[PDB]
$ cat entry-v1.pdb   # PDB, C-alpha atoms
MODEL        1
ATOM      1  CA  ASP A3459     -17.438  26.841   8.081
ATOM      2  CA  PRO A3460     -16.775  28.058  11.617
ATOM      3  CA  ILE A3461     -19.419  25.861  13.304
ATOM      4  CA  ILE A3462     -17.684  22.514  13.088
ATOM      5  CA  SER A3463     -15.100  24.519  14.997
ATOM      6  CA  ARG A3464     -15.862  23.201  18.511
ATOM      7  CA  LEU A3465     -15.842  19.691  16.973
ATOM      8  CA  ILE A3466     -12.329  20.278  15.620
ATOM      9  CA  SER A3467     -10.882  21.622  18.908
ATOM     10  CA  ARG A3468     -11.889  18.917  21.391
ATOM     11  CA  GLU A3469     -14.450  20.917  23.319
ATOM     12  CA  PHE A3470     -17.303  19.403  25.212
ATOM     13  CA  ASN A3471     -19.722  19.971  28.101
ATOM     14  CA  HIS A3472     -19.867  16.716  30.055
ATOM     15  CA  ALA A3473     -22.959  15.389  31.828
ATOM     16  CA  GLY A3474     -23.842  12.325  33.969
ATOM     17  CA  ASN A3475     -24.140  10.074  30.835
ATOM     18  CA  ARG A3476     -24.472  12.608  27.959
ATOM     19  CA  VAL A3477     -21.631  14.527  26.252
ATOM     20  CA  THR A3478     -22.764  17.744  24.528
ATOM     21  CA  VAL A3479     -21.110  19.921  21.850
ATOM     22  CA  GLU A3480     -22.279  23.395  20.781
ATOM     23  CA  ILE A3481     -22.778  23.761  17.070
ATOM     24  CA  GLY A3482     -23.754  27.239  15.963
ATOM     25  CA  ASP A3483     -26.810  27.246  18.243
ATOM     26  CA  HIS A3484     -28.154  23.832  19.232
ATOM     27  CA  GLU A3485     -26.254  21.749  21.790
ATOM     28  CA  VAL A3486     -25.954  18.218  20.310
ATOM     29  CA  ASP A3487     -24.998  14.917  21.876
ATOM     30  CA  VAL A3488     -21.805  13.223  20.800
ATOM     31  CA  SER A3489     -21.635   9.498  20.489
ATOM     32  CA  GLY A3490     -18.013   8.414  20.793
ATOM     33  CA  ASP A3491     -18.553   5.799  18.130
ATOM     34  CA  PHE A3492     -18.493   8.941  15.898
ATOM     35  CA  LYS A3493     -15.372   9.700  13.807
ATOM     36  CA  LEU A3494     -14.414  12.685  11.661
ATOM     37  CA  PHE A3495     -12.174  13.017   8.586
ATOM     38  CA  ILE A3496     -11.754  16.113   6.429
ATOM     39  CA  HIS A3497     -10.841  15.558   2.793
ATOM     40  CA  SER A3498      -9.511  18.079   0.258
ATOM     41  CA  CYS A3499      -8.595  17.736  -3.399
ATOM     42  CA  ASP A3500      -6.492  20.773  -4.300
ATOM     43  CA  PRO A3501      -3.294  21.803  -2.481
ATOM     44  CA  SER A3502      -3.760  25.275  -4.018
ATOM     45  CA  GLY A3503      -6.776  25.909  -1.780
ATOM     46  CA  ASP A3504      -5.803  27.388   1.572
ATOM     47  CA  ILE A3505      -7.459  26.293   4.820
ATOM     48  CA  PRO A3506      -8.059  28.574   7.856
ATOM     49  CA  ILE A3507      -5.216  28.898  10.445
ATOM     50  CA  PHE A3508      -7.722  27.708  13.146
ATOM     51  CA  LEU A3509      -8.184  24.382  11.380
ATOM     52  CA  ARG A3510      -4.559  23.934  10.141
ATOM     53  CA  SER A3511      -3.347  24.108  13.773
ATOM     54  CA  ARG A3512      -5.895  21.650  15.258
ATOM     55  CA  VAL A3513      -5.853  19.364  12.218
ATOM     56  CA  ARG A3514      -3.417  16.550  11.316
ATOM     57  CA  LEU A3515      -2.303  17.475   7.804
ATOM     58  CA  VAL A3516      -1.336  14.413   5.759
ATOM     59  CA  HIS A3517      -0.408  14.563   2.054
ATOM     60  CA  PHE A3518      -1.629  11.772  -0.199
ATOM     61  CA  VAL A3519      -0.009  13.350  -3.220
ATOM     62  CA  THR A3520       1.828  11.585  -6.045
ATOM     63  CA  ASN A3521       4.530  14.293  -6.367
ATOM     64  CA  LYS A3522       7.532  14.839  -8.628
ATOM     65  CA  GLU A3523       9.498  13.716  -5.534
ATOM     66  CA  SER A3524       7.685  10.379  -5.795
ATOM     67  CA  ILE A3525       9.387   9.845  -9.192
ATOM     68  CA  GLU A3526      12.886   9.685  -7.738
ATOM     69  CA  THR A3527      11.772   6.986  -5.238
ATOM     70  CA  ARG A3528       9.918   5.022  -7.936
ATOM     71  CA  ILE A3529      12.643   5.077 -10.667
ATOM     72  CA  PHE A3530      15.154   3.409  -8.230
ATOM     73  CA  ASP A3531      12.716   0.469  -7.702
ATOM     74  CA  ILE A3532      12.450   0.017 -11.505
ATOM     75  CA  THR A3533      16.252   0.511 -12.003
ATOM     76  CA  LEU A3534      17.148  -2.082  -9.339
ATOM     77  CA  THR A3535      14.780  -4.653 -10.757
ATOM     78  CA  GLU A3536      16.742  -4.391 -14.055
ATOM     79  CA  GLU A3537      20.170  -3.845 -12.465
ATOM     80  CA  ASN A3538      20.435  -6.275  -9.515
ATOM     81  CA  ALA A3539      17.366  -8.506  -9.577
ATOM     82  CA  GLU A3540      18.898 -10.840  -6.910
ATOM     83  CA  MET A3541      18.949  -8.165  -4.213
ATOM     84  CA  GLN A3542      15.605  -6.487  -5.078
ATOM     85  CA  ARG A3543      13.984 -10.007  -4.795
ATOM     86  CA  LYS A3544      15.555 -10.533  -1.381
ATOM     87  CA  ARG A3545      14.682  -6.991  -0.190
ATOM     88  CA  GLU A3546      10.937  -7.659   0.072
ATOM     89  CA  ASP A3547      11.335 -11.024   1.911
ATOM     90  CA  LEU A3548      14.086  -9.628   4.215
ATOM     91  CA  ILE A3549      11.709  -7.335   6.106
ATOM     92  CA  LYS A3550       8.693  -9.648   5.363
ATOM     93  CA  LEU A3551      10.167 -12.755   6.989
ATOM     94  CA  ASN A3552      11.683 -10.561   9.723
ATOM     95  CA  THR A3553       8.123  -9.679  10.808
ATOM     96  CA  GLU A3554       6.457 -12.967   9.643
ATOM     97  CA  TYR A3555       8.839 -15.335  11.514
ATOM     98  CA  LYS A3556       8.581 -13.167  14.642
ATOM     99  CA  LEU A3557       4.742 -13.322  14.322
ATOM    100  CA  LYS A3558       5.071 -17.102  13.791
ATOM    101  CA  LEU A3559       7.438 -17.301  16.808
ATOM    102  CA  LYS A3560       4.596 -15.635  18.789
ATOM    103  CA  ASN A3561       2.066 -17.921  17.072
ATOM    104  CA  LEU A3562       4.026 -21.082  18.028
ATOM    105  CA  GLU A3563       4.625 -19.945  21.667
ATOM    106  CA  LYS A3564       0.813 -19.687  22.014
ATOM    107  CA  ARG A3565       0.327 -23.163  20.443
ATOM    108  CA  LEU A3566       2.853 -24.635  22.892
ATOM    109  CA  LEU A3567       1.193 -23.130  25.998
ATOM    110  CA  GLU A3568      -2.350 -24.181  24.857
ATOM    111  CA  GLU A3569      -1.325 -27.864  24.517
ATOM    112  CA  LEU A3570       0.958 -27.972  27.611
ATOM    113  CA  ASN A3571      -2.057 -27.119  29.827
ATOM    114  CA  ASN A3572      -4.506 -29.440  27.982
ATOM    115  CA  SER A3573      -2.218 -32.479  27.556
ATOM    116  CA  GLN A3574      -0.562 -32.570  30.988
ATOM    117  CA  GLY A3575      -3.164 -35.158  32.174
ATOM    118  CA  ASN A3576      -3.318 -36.751  28.678
ATOM    119  CA  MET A3577      -0.519 -38.732  26.836
ATOM    120  CA  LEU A3578       2.729 -37.012  25.809
ATOM    121  CA  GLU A3579       1.159 -35.039  22.892
ATOM    122  CA  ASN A3580       3.323 -31.967  23.592
ATOM    123  CA  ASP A3581       5.980 -34.059  21.785
ATOM    124  CA  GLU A3582       3.893 -33.730  18.585
ATOM    125  CA  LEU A3583       4.346 -29.959  18.906
ATOM    126  CA  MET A3584       7.952 -30.431  20.049
ATOM    127  CA  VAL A3585       8.847 -31.876  16.597
ATOM    128  CA  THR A3586       7.295 -28.635  15.263
ATOM    129  CA  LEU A3587       9.481 -26.919  17.881
ATOM    130  CA  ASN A3588      12.364 -28.972  16.409
ATOM    131  CA  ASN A3589      11.398 -27.347  13.103
ATOM    132  CA  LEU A3590      11.549 -24.046  15.029
ATOM    133  CA  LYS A3591      15.323 -24.656  15.501
ATOM    134  CA  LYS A3592      15.518 -23.753  11.790
ATOM    135  CA  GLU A3593      13.063 -20.885  12.386
ATOM    136  CA  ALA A3594      14.700 -19.321  15.468
ATOM    137  CA  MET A3595      18.074 -19.633  13.740
ATOM    138  CA  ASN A3596      16.593 -18.668  10.340
ATOM    139  CA  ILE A3597      16.148 -15.244  11.905
ATOM    140  CA  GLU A3598      19.835 -15.379  12.969
ATOM    141  CA  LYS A3599      20.675 -16.445   9.372
ATOM    142  CA  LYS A3600      18.721 -13.495   7.977
ATOM    143  CA  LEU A3601      20.034 -10.927  10.502
ATOM    144  CA  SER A3602      23.606 -11.927   9.582
ATOM    145  CA  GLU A3603      23.013 -11.400   5.837
ATOM    146  CA  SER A3604      21.154  -8.131   6.590
ATOM    147  CA  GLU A3605      24.324  -6.500   7.953
ATOM    148  CA  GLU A3606      25.770  -7.427   4.519
ATOM    149  CA  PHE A3607      22.744  -6.376   2.413
ATOM    150  CA  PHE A3608      21.949  -2.935   3.974
ATOM    151  CA  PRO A3609      25.399  -1.344   3.303
ATOM    152  CA  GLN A3610      25.164  -2.620  -0.310
ATOM    153  CA  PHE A3611      21.637  -1.155  -0.655
ATOM    154  CA  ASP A3612      22.985   2.225   0.534
ATOM    155  CA  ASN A3613      25.843   1.949  -2.027
ATOM    156  CA  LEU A3614      23.256   1.526  -4.797
ATOM    157  CA  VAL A3615      21.184   4.542  -3.764
ATOM    158  CA  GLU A3616      24.004   6.865  -4.954
ATOM    159  CA  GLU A3617      24.129   5.804  -8.596
ATOM    160  CA  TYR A3618      20.358   5.946  -8.879
ATOM    161  CA  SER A3619      20.436   9.353  -7.196
ATOM    162  CA  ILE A3620      22.659  10.401 -10.093
ATOM    163  CA  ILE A3621      20.000   8.942 -12.413
ATOM    164  CA  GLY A3622      17.212  10.186 -10.142
ATOM    165  CA  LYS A3623      18.163  13.828 -10.031
ATOM    166  CA  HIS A3624      18.161  14.214 -13.841
ATOM    167  CA  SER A3625      14.798  12.457 -14.322
ATOM    168  CA  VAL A3626      12.871  14.886 -12.031
ATOM    169  CA  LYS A3627      14.380  17.902 -13.868
ATOM    170  CA  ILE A3628      13.182  16.251 -17.104
ATOM    171  CA  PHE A3629       9.668  15.548 -15.702
ATOM    172  CA  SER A3630       9.569  19.127 -14.385
ATOM    173  CA  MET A3631      10.323  20.363 -17.884
ATOM    174  CA  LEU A3632       7.612  18.150 -19.488
ATOM    175  CA  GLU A3633       5.174  19.070 -16.737
ATOM    176  CA  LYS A3634       5.833  22.761 -17.490
ATOM    177  CA  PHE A3635       4.685  22.374 -21.135
ATOM    178  CA  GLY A3636       1.290  21.314 -19.776
ATOM    179  CA  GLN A3637       1.135  24.564 -17.903
ATOM    180  CA  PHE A3638       1.595  26.551 -21.146
ATOM    181  CA  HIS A3639      -0.711  24.324 -23.189
ATOM    182  CA  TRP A3640      -3.624  22.068 -22.377
ATOM    183  CA  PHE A3641      -2.763  19.309 -24.903
ATOM    184  CA  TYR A3642       0.823  19.063 -23.520
ATOM    185  CA  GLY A3643       0.029  16.832 -20.590
ATOM    186  CA  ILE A3644       2.165  14.126 -19.042
ATOM    187  CA  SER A3645       1.374  11.614 -16.269
ATOM    188  CA  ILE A3646       4.035  10.138 -13.909
ATOM    189  CA  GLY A3647       3.135   6.698 -15.342
ATOM    190  CA  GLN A3648       3.981   7.876 -18.864
ATOM    191  CA  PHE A3649       7.508   8.716 -17.677
ATOM    192  CA  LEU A3650       7.812   5.426 -15.801
ATOM    193  CA  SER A3651       6.650   3.300 -18.754
ATOM    194  CA  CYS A3652       9.157   5.247 -20.886
ATOM    195  CA  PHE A3653      11.988   4.621 -18.409
ATOM    196  CA  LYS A3654      11.209   0.875 -18.362
ATOM    197  CA  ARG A3655      11.790   0.806 -22.152
ATOM    198  CA  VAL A3656      15.302   2.239 -21.466
ATOM    199  CA  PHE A3657      16.449  -1.301 -20.454
ATOM    200  CA  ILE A3658      14.374  -3.829 -22.428
ATOM    201  CA  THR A3669      30.169   4.499 -16.883
ATOM    202  CA  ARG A3670      27.179   2.021 -16.795
ATOM    203  CA  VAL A3671      25.295   4.686 -14.879
ATOM    204  CA  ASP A3672      26.545   7.240 -17.436
ATOM    205  CA  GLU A3673      25.276   5.142 -20.376
ATOM    206  CA  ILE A3674      21.858   4.478 -18.783
ATOM    207  CA  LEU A3675      21.562   8.235 -18.147
ATOM    208  CA  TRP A3676      22.210   8.821 -21.877
ATOM    209  CA  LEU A3677      19.614   6.072 -22.582
ATOM    210  CA  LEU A3678      16.978   7.999 -20.575
ATOM    211  CA  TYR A3679      17.446  11.369 -22.320
ATOM    212  CA  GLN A3680      17.176   9.612 -25.647
ATOM    213  CA  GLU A3681      14.084   7.568 -24.832
ATOM    214  CA  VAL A3682      12.333  10.626 -23.364
ATOM    215  CA  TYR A3683      13.168  12.643 -26.534
ATOM    216  CA  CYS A3684      11.911   9.730 -28.530
ATOM    217  CA  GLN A3685       8.419   9.345 -26.920
ATOM    218  CA  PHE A3686       7.470  12.791 -25.756
ATOM    219  CA  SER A3687       8.751  14.717 -28.834
ATOM    220  CA  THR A3688       5.775  13.307 -30.695
ATOM    221  CA  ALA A3689       3.046  14.979 -28.551
ATOM    222  CA  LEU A3690       4.637  18.422 -28.994
ATOM    223  CA  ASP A3691       4.601  20.953 -31.866
ATOM    224  CA  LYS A3692       7.773  22.074 -33.760
ATOM    225  CA  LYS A3693       8.377  25.002 -31.358
ATOM    226  CA  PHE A3694       8.171  22.869 -28.240
ATOM    227  CA  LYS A3695      10.208  20.131 -29.966
ATOM    228  CA  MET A3696      13.019  22.629 -30.379
TER
ENDMDL
END
$ encode --input "entry-v1.pdb" --output "structure tokens"
Amino acid sequence: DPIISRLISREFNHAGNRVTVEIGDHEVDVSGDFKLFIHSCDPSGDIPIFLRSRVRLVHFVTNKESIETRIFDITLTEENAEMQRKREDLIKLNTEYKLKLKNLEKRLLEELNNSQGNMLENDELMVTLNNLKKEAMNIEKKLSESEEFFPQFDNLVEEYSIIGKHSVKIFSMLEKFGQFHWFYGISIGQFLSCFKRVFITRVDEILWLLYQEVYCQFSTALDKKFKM
């Protein structure tokens, strides 16, 4: 409805202490601890141009585009498990060691001010700072191997793109049967679980493995016409 309207555009009438907003008729006081979110379920439903312009539109939608992204993660786990293992920790320990570098700098300054009049305790943190000579240079060790890992990651996106582009066209096709008939539904997870079974010219053979496994699992939930 229109009335929220002044609450969507940031309009207010300010007072000495009170902040008032006009809603339909009554002028009501705004807190400031108050937050607003608007939630919608169907993308088909169209929102007013007033709102769409003042509103930050964010799509939490598990699209067909999401399938291309998610088949590469499954492919790489079964194609180069050594580099998919190191992918997660590469950006994890990038941020974690830098947060621990900031956590140890704070520990050093706390004890340097407390144990300046006390015995040479700082030394007990300096052997932890001796351990930091692995940590500071661990980052250097990881940054060096990153410049080696990233261009290899980008080399592996291409093959999976070749796999990826066919799989969406296949999901599109199976999705479209559900549009004709109610019983002909497919989830993204059903296609993923099917593509996992595909493992347990290499790119060309895996492609042929996909088409076969999809024909194998999803042919069953269709009638003779839709099979053909």
$ closest_residue --input "entry-v1.pdb" --among "A:3681, A:3537, A:3469, A:3617" --to "residue 3651 in chain A" --atoms "only C-alpha atoms"
A:3681
$ resolve_selection --input "entry-v1.pdb" --expression "the PyMOL selection byres ((chain A and resi 3529) around 10)" --output "list in words"
residues 3524, 3525, 3526, 3527, 3528, 3530, 3531, 3532, 3533, 3534, 3535, 3618, 3619, 3621, 3622, 3625, 3626, 3649, 3650, 3653 and 3654 of chain A
$ write_last_selection --input "entry-v1.pdb" --atoms "C-alpha atoms" --output "PDB file, in the frame of the given file"
ATOM      1  CA  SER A3524       7.685  10.379  -5.795  1.00  0.00           C
ATOM      2  CA  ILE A3525       9.387   9.845  -9.192  1.00  0.00           C
ATOM      3  CA  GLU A3526      12.886   9.685  -7.738  1.00  0.00           C
ATOM      4  CA  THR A3527      11.772   6.986  -5.238  1.00  0.00           C
ATOM      5  CA  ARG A3528       9.918   5.022  -7.936  1.00  0.00           C
ATOM      6  CA  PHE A3530      15.154   3.409  -8.230  1.00  0.00           C
ATOM      7  CA  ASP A3531      12.716   0.469  -7.702  1.00  0.00           C
ATOM      8  CA  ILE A3532      12.450   0.017 -11.505  1.00  0.00           C
ATOM      9  CA  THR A3533      16.252   0.511 -12.003  1.00  0.00           C
ATOM     10  CA  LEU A3534      17.148  -2.082  -9.339  1.00  0.00           C
ATOM     11  CA  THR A3535      14.780  -4.653 -10.757  1.00  0.00           C
ATOM     12  CA  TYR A3618      20.358   5.946  -8.879  1.00  0.00           C
ATOM     13  CA  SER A3619      20.436   9.353  -7.196  1.00  0.00           C
ATOM     14  CA  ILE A3621      20.000   8.942 -12.413  1.00  0.00           C
ATOM     15  CA  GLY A3622      17.212  10.186 -10.142  1.00  0.00           C
ATOM     16  CA  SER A3625      14.798  12.457 -14.322  1.00  0.00           C
ATOM     17  CA  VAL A3626      12.871  14.886 -12.031  1.00  0.00           C
ATOM     18  CA  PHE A3649       7.508   8.716 -17.677  1.00  0.00           C
ATOM     19  CA  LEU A3650       7.812   5.426 -15.801  1.00  0.00           C
ATOM     20  CA  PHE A3653      11.988   4.621 -18.409  1.00  0.00           C
ATOM     21  CA  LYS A3654      11.209   0.875 -18.362  1.00  0.00           C
TER      22      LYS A3654
END
$ residues_around --input "entry-v1.pdb" --residues "residue 3462 in chain A" --least-positions-apart "6" --cutoff "10 Å" --atoms "only C-alpha atoms" --output "list in words"
residues 3479, 3480, 3481, 3482 and 3509 of chain A
$ closest_residue --input "entry-v1.pdb" --among "A:3597, A:3562, A:3678, A:3620" --to "residue 3548 in chain A" --atoms "all atoms listed in the file"
A:3597
$ closest_atom_pairs --input "entry-v1.pdb" --of "range 3505-3531 of chain A" --to "range 3634-3645 of chain A" --cutoff "12 Å" --atoms "only C-alpha atoms" --output "CSV"
residue,atom,partner,partner_atom,distance
A:3520,CA,A:3645,CA,10.2
A:3521,CA,A:3645,CA,10.7
A:3522,CA,A:3645,CA,10.3
A:3525,CA,A:3645,CA,10.8
$ residues_around --input "entry-v1.pdb" --residues "residue 3598 in chain A" --least-positions-apart "3" --cutoff "12 Å" --atoms "only C-alpha atoms" --output "list in words"
residues 3548, 3551, 3552, 3555, 3556, 3591, 3592, 3593, 3594, 3595, 3601, 3602, 3603, 3604 and 3605 of chain A
$ write_last_selection --input "entry-v1.pdb" --atoms "C-alpha atoms" --output "mmCIF file, in the coordinates of the input"
data_model
loop_
_atom_site.group_PDB
_atom_site.id
_atom_site.type_symbol
_atom_site.label_atom_id
_atom_site.label_comp_id
_atom_site.auth_asym_id
_atom_site.auth_seq_id
_atom_site.Cartn_x
_atom_site.Cartn_y
_atom_site.Cartn_z
ATOM 1 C CA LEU A 3548 14.086 -9.628 4.215
ATOM 2 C CA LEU A 3551 10.167 -12.755 6.989
ATOM 3 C CA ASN A 3552 11.683 -10.561 9.723
ATOM 4 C CA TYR A 3555 8.839 -15.335 11.514
ATOM 5 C CA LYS A 3556 8.581 -13.167 14.642
ATOM 6 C CA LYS A 3591 15.323 -24.656 15.501
ATOM 7 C CA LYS A 3592 15.518 -23.753 11.790
ATOM 8 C CA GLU A 3593 13.063 -20.885 12.386
ATOM 9 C CA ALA A 3594 14.700 -19.321 15.468
ATOM 10 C CA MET A 3595 18.074 -19.633 13.740
ATOM 11 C CA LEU A 3601 20.034 -10.927 10.502
ATOM 12 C CA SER A 3602 23.606 -11.927 9.582
ATOM 13 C CA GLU A 3603 23.013 -11.400 5.837
ATOM 14 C CA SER A 3604 21.154 -8.131 6.590
ATOM 15 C CA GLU A 3605 24.324 -6.500 7.953
#
$ atom_distance --input "entry-v1.pdb" --atom1 "CA of residue 3632 in chain A" --atom2 "CA of residue 3498 in chain A"
26.1 Å
